[PDB]
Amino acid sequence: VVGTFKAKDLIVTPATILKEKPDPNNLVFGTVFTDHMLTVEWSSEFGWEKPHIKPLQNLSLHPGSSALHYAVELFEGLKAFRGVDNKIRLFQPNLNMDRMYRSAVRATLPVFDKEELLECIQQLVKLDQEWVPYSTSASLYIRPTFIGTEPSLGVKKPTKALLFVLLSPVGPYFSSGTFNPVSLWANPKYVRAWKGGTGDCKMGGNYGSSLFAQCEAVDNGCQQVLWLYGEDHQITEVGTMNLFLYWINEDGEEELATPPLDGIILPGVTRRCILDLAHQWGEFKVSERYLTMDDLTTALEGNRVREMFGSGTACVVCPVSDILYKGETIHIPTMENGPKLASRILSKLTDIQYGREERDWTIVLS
């Protein structure tokens, strides 16, 4: 019936008692939640209900809900930043709405009007705007979440769903607020995602399967998993981050390389932004290309590697110092090379996020 919900229909139930804000320098990522959340119910029978902004509450779900049985679920991750000018900005949020819509279609969750969801998210951040931290090293994490709630054990396209948005204040990625280079666990026994799978979507099913390898990484003194793919051991992603390699390539050219979007790579907003910046600067070759462990070890032997880093909303730029592979520790000289490019990218993205320079990539809160 109701094709899609509208921000103009928002029903706002303000909280009576507002919670004390956390210290932005003693925050664990995604553990502290703001006063309010967005919820929107859908059914096949009646379509989208009116959207609600209401106090953070537990969800009341039928125990047969397909999100709990068949991972009929997806999420997004984007941030609000309090600028040096005290204006709150979103960063490329229409890219998150596009990616969420694409994920919903592949999940068989009901489609929604992307502009109306973004306006609902803006109104939620506006209401909880004092949760956007007063710190140029902290931000407000925005977690749109979309779950199948049909009370049927049939493996089927859902006839009931809930779209909701949580807000979580977060500090710097590492407590130190400076580059803490990560050690990676590279075990080809595990595969994050495969050709013909859903690795290019933020569907919950891609993450539950990763926890065992992450635990093995921590057991072996590593902070993140290096996700290897195929007989040639392609390096694909670092934990929940896109993978960048800054090196002299096989042709002796200075190059920033990242795996191509061939179906096993999550198309990161950060990844997109870094490729755009590197293209704009025009100071070295920019290549979306396959990179193997043998490519990397051959390059290290030839002193051709400068930097390796992950990219993502949570870290921005996460330098890599070491990879544990085939029972050996392989040193990556990222931190002995500045890291010049990683630092330059972090400085440029944070200058844009916190309004130190104007950009088409930011929207001031409505």
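By rigid core we mean the largest C-alpha set that fits within 1.5 Å across both forms. Start at 1 and count along the sequence shown; that's the residue number.
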Between 137-145 and 166-174, the one drifting more in C-alpha RMS in 6 other deposited structures of this protein once the core is aligned is 166-174
More variable segment, 214-222 or 290-298 [Cα RMS over structures in 6 other deposited structures of this protein, core-superposed]: 214-222
Quick one: higher average CA temperature factor, 48-56 or 323-331? 323-331
Can you tell me whether 253-261 has a higher mean C-alpha B factor than 172-180 in this record, or the other way round? 172-180
According to the deposited entry, which of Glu288, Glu150, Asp276, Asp200 has the largest Cα B-factor? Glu150
Maximum C-alpha temperature factor, selected from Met241, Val84, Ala104, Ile121: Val84
Could you look up the Cα B-factor of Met308 in the entry and say which third of the chain it sits in: lowest, middle or highest? lowest
Chain thirds of CA B-factor: placement of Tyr134: highest
Can you work out whether the C-alpha temperature factor of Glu41 puts it in the lowest, middle or highest third of the chain? middle
When the deposited Cα B-factors of this chain's modelled residues are ordered and cut into thirds, is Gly221 in the lowest, the middle or the highest one? highest
Which third, lowest, middle or highest, does the C-alpha temperature factor of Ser65 belong to within its own chain? lowest
